[PDB]
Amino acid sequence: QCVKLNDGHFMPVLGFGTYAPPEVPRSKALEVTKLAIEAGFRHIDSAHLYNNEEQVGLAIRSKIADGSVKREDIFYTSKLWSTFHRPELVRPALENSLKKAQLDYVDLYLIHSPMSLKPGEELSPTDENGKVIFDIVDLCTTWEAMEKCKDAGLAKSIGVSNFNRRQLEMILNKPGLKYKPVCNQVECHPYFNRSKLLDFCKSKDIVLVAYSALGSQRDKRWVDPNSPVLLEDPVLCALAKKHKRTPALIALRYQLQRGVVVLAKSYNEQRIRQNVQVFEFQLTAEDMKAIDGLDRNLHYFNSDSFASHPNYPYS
């Protein structure tokens, strides 16, 4: 069901990933989020980046209006994009997300990345040669702005995404810190299992929330097509046959058993309904040891565009 966060709120441990690339019509997010809620998802992950908060928020409002759920049964996350890290831009960015979703509050607002970008409206601002333009912002000042958003009731909880241990430590040692991040949402799957980061997070009562837990959507802009496809891994597929489940269910169950909250994106009705079967079976200790053996420090988001940024979290 849910895990209790460090501020006393509750996060469902399976969440629905809503990002789809620009080639997927915008209206599909409305349909699939309704299907996710119908299947049993109660945690729904969006972002200003995803150009879908209006569609996702409509799906949530539709399922409330038809009696299927109450607003307090849904855990909705959005995120502060990287051109809005300057503290004066944080509350307006959250207000804009609330307006788009037509919601009074989000359950969770995250700093989407530590990789600050030039302030503006351009999502990935670029110069002449096409180099994205970076910004230098003290993230503890952005964090103070997030904390005021929690005080105002615009976000029930606040946290971060894509932070490494050092960047989290910077927040946690902030003079006059009011709220710790509840979570750190990061790439995490059996080829990049983040065990050192997970240990650090558990020692700080911070939840690690795994994205790209099924191996990412393998978007051309940032993904090497040579990278092994997580769900074609022979150990995952052998465990799927052993349990008569599927490689995606093995990869999601692995996270739950390590105390990681797990996201899963699918825009396919059958796979959405499949993925909630993660609560119907268990992996044994030998199974978990087999999956730990797969770790290969492979982050699918792997581009020069990210790696050249001064606050790139991987090293």
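All residue numbers are counted from 1 along the displayed sequence.
Participant: Test of understanding: from the entry's C-alpha B-factors, which stretch has the higher mean, 169-177 or 148-156?
Facilitator: Result: 169-177.
Participant: Taking only the CA atoms, which stretch has the higher mean B-factor in the record, 117-125 or 183-191?
Facilitator: Averaged over C-alpha atoms, the B-factors run higher in 117-125.
Participant: Of the choices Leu208, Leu98, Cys140, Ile111, which one's C-alpha carries the largest B-factor in the record?
Facilitator: If I rank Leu208, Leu98, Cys140, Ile111 by C-alpha B-factor, first place goes to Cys140.
Participant: Specify which of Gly17, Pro12, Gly293, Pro22 carries the largest Cα B factor in the deposited PDB entry.
Facilitator: So the option with the highest C-alpha B-factor is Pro22.
Participant: Grab the CA temperature factor for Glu72 from the record and place it in the lowest, middle or highest third of its chain.
Facilitator: Tercile = highest for this residue's CA B-factor.
Participant: Of the three thirds of its chain by CA temperature factor, lowest, middle or highest, which one includes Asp199?
Facilitator: Tercile = highest for this residue's CA B-factor.
Participant: Taking the C-alpha B-factors as the PDB entry records them, is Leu214 in the lowest, middle or highest third of its chain?
Facilitator: Its C-alpha B-factor belongs to the lowest third of this chain's values.
Participant: Going by the recorded CA B-factors, say which third of the chain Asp104 sits in, lowest, middle or highest.
Facilitator: It falls in the middle third of the chain.
Participant: According to the PDB entry, is the CA B factor of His43 in the bottom, middle or top third of its chain, that is, lowest, middle or highest?
Facilitator: Lowest third - that is where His43 ends up once the chain's C-alpha B-factors are sorted.
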